[PDB]
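Take a look at this one chain, the form deposited in one PDB entry, written out in structure tokens.
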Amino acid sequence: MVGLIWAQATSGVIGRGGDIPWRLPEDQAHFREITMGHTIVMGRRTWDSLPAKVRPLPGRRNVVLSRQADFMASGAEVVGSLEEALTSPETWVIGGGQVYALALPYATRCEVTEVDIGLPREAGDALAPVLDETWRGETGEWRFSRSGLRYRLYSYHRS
């Protein structure tokens, strides 16, 4: 089962200056809940951006996609193609924009957080993959986070 998991603003922005452009602890909790115990796949640039004490993500099999054959990813495996990244019983692709594009055609689930923040797309932004007409499932009710930022969860699926 190949899933994608991401958080986006309503406009589709998922990154600005290499950062998620909001603060949402409750989305961090949701991300852990969906991924824990499973394989996670990320691009090398995403791995390299993480603080040393936060990688590998604990409790999950970490897979890093790279074209650098000598890359050292302490506590993870490094694969040189997407095919080899998707052989576990359940895999969550966790970023970045490049790897989400690559994996989209293979995915049969998406777990999306939509953040109700009016960030128009700007030069340099990273953008979410586009969900086409093949997907179905639940668009959850809006909730206020503890700070007052509104968010809701999509749980979509397809054959």
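One-based numbering along the sequence shown. For the two forms, the rigid core is made up of the largest set of C-alpha atoms that agree within 1.5 Å on superposition. Only residues modelled in both forms are compared.
The discussion below concerns the form deposited in another entry, not included here.
- Once both forms are overlaid on the rigid core, the distance between the two CA positions of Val130 between the shown form and the other one is under 2 angstroms.
- Core-aligned CA deviation for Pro105 between the shown form and the other one: less than 2 Å.
- With the core held fixed, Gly37 shows a CA shift below 2 Å between the shown form and the other one.
- Core superposition between the shown form and the other one reveals the following runs of 3 or more residues with every CA shifted by 2 angstroms or more: 48 to 53, 122 to 124.
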